[PDB]
Amino acid sequence: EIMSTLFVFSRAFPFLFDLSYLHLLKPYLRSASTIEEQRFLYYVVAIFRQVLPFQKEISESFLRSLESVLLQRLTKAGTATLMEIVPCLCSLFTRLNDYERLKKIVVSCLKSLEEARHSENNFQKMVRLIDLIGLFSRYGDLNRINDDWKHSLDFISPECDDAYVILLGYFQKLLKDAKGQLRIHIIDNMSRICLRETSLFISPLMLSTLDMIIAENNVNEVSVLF
């Protein structure tokens, strides 16, 4: 009930947040748990990202340390909290860091994603990859350093910088060799990654996929696409 009002003044009217209004809770924000008391964090980080961009006031020595807390805090969480952490920290790197961590780790876990279909399924742990990949790219631009990703041309072959059409191609063939909610867990973020650059959202390789999934009439599939 307290934090219910907090979120409200976090989204609208955000330009009134003292340093201490954060700087006292910021060490408390480190407090992480493993039970229902963790779902509390969903009422934390969104307020935090609601106030970061223009009410930063972050001392240029602390911003280097904020993500150190957060990189250590993205291991295992309810899938609900994950929709806000990436929309926070991916907005923070351009405010702190270079396009390196969201480069070096993403190309690492792309190889780890290559060893996700070409491995043990882990439909409870692949979701930590099969969604996290698109989670970064949905609200984080990839029209950036990719020569090293064009150096990862080994299995991402065809054209150019536009990973997105290839990612969608790397994923378009994943809908047939799949069986069940694996298809759901991949059809959702296939739309999510394309949501950023909607210019693809009219292109044939994805439209053909849409027509393919319409004829199946899987209620669980068509619902989550809606």
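Cβ: placed from backbone, ideal geometry, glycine included. Neighbour counts: every protein chain shown. All of the numbers you see were taken from the coordinates with simple rules; none came from a lab.
Residues that are more than 26 Å from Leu71 (Cα to Cα): list the helices (runs of 4 or more DSSP H) wholly contained in region 127-203 that include at least 3 such residues.
Working: elements: 127-130, 132-139, 147-150, 163-172, 181-196.
Filter on region 127-203 gives 163-172, 181-196.
Step by step: first the residues of region 192-201, then only those that are closer than 22 Å to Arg128 by Cβ and surrounded by fewer than 17 Cβ atoms within 10 Å (Cβ to Cβ), then the one that is farthest from the chain's Cα centre (by Cα). Which residue is that? Before the answer, list the steps.
From region 192-201, those closer than 22 Å to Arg128 by Cβ are 192-196; that's our starting set.
Add one more test, that the residue is surrounded by fewer than 17 Cβ atoms within 10 Å (Cβ to Cβ), and what stays is 192, 195.
Numbers: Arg192: 9, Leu195: 13 Å.
Restricting to residues being closer than 22 Å to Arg128 by Cβ and surrounded by fewer than 17 Cβ atoms within 10 Å (Cβ to Cβ), the top hit is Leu195.
Please tell me if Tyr43 is without any contact (Cβ under 8 Å) to a residue 24 or more places away in the chain, on the phi < 0 side of the Ramachandran plot and either aromatic (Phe, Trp, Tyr) or in contact with a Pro (Cβ under 7 Å, 6 or more places away or on another chain) (or both).
Working: without any contact (Cβ under 8 Å) to a residue 24 or more places away in the chain: no; on the phi < 0 side of the Ramachandran plot: yes; either aromatic (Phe, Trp, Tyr) or in contact with a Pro (Cβ under 7 Å, 6 or more places away or on another chain) (or both): yes.
In short, no.
Which residue is farthest from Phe15 (Cα to Cα), if the candidates are limited to region 26-67 and must be crowded, with 16+ Cβ neighbours inside 10 Å, of a type in the set (D, E, K, R) and within 21 Å of the chain's Cα centre (by Cα)?
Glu67
Write out, first by first residue and then by second, each pair whose Cβ atoms fall under 6 Å of each other, whose residues are 6+ apart or on separate chains, and whose first residue, in region 155-180, is more than 15 Å from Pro204 (Cβ to Cβ) while the second is surrounded by 11 or more Cβ atoms within 10 Å (Cβ to Cβ).
Hits for this filter: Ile156/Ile166; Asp161/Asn146; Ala163/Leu142; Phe171/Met190; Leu174/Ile186; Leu175/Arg183.
Residue-wise test of (1) of a type in the set (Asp, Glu); (2) farther than 20 Å from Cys109 by Cβ; (3) out of contact with any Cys (no Cβ under 6 Å at 6 or more places or on another chain).
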position	(1), (2), (3)
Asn189	no, no, yes
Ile214	no, yes, yes
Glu221	yes, yes, yes
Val224	no, yes, yes
